[PDB]
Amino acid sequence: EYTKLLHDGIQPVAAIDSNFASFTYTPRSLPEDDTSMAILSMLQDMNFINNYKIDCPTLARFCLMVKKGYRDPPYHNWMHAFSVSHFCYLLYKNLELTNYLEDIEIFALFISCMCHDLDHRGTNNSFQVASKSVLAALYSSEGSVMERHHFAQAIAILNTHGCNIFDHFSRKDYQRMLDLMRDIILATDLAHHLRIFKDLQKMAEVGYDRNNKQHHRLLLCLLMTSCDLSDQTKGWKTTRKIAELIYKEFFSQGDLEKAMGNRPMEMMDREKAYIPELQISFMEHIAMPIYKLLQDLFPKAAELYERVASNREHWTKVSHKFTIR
């Protein structure tokens, strides 16, 4: 399994695809069998293997473990985690995060991306609370139920024998790695994003400051959120396709909420849901602000905001006679 992975060395990024390091590249085009390899390539391209002296066999096992630690709902599967991770790599390469963040922080972000939805069951935090799941029992009172479970699953993978990519770290770094991984994964929750939004705008107002450690915090949260939503930054074929997976998942939960006598949200109810207006609402309230904050901090992230705005134009366009339900 893992010996087969490292039986030919770490492939360079250009050999996977020539446009691999570009924003136009859709990582979902890469076959699922070649994705663990692609992770190793990105980690070596960012020079994280040398920097933190990550043992390669251990990194390979960790990667394969993170992979099988996802289930197979329509959207929250390994391929989502992979595409979010690829996008984090695109941010490194194109927005040059090395000028803004510490190396250990960009490393944490990438690792977080791989783990950020570990063991997702195709349902959200409200459903866990509502169905009295053990996850809700463990985490509901602190908030962000699934997010704490994801981090917890990351930890259980990192402490599996032969997967501890941090085992040799200094005490100070091992700890910062743990704090950042938790904070970055928690940041993926809409509720969290809704809190720090005021502080994100103020950061974008005054200008980014490498000496301000709160700006690092907040920048990491914004970056994570923008990797998580990166399906909205590709072409219409990708974005239109991914909407089908998202609602496929949402509609399953909606059915399960009905079977326990709960009234699902409109977006979860296929009898109520008109996808165009829902995505338009998602695009303007959540997605476009996120990428407009990313543009304000990185002028080079202008082409991402436009493609999200474009995709929101495409929803209005195709609304003319789109499937009514």
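The term rigid core refers to the most C-alpha atoms you can superpose between the two forms while keeping them within 1.5 Å. For every residue, the number given is its place in the sequence shown, counted from 1.
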After fitting on the rigid core, pick out whichever of 118-126 or 227-235 shows the bigger RMS C-alpha deviation in 9 other deposited structures of this protein.
118-126
In 9 other deposited structures of this protein, superposed on the rigid core, which stretch sits farther off in Cα RMS terms, 288-296 or 265-273?
265-273
Please compare 118-126 with 194-202 and name the stretch with the higher mean C-alpha B-factor in the deposited structure.
194-202
I need to verify one thing: averaged over C-alpha atoms only, is the B-factor higher for 1-9 or for 316-324?
1-9
283, 59, 273, 39, ranked by C-alpha B-factor: the highest one
283
Entry record, C-alpha B-factors for 253, 232, 141, 153; the maximum is at 141
What third of the chain does residue 269 rank in for C-alpha temperature factor, lowest, middle or highest?
middle
Taking the entry's C-alpha B-factors for this chain, is residue 175 in the lowest, middle or highest third?
highest
Can you tell me whether residue 305 has a C-alpha B-factor in the lowest, middle or highest third compared with the other modelled residues of the same chain?
highest
Among all modelled residues of this chain, ranked by Cα B factor, put residue 46 in the bottom, middle or top third, i.e. lowest, middle or highest.
lowest
Quick tally, chain-level thirds of C-alpha B-factors: residue 82 sits in the lowest
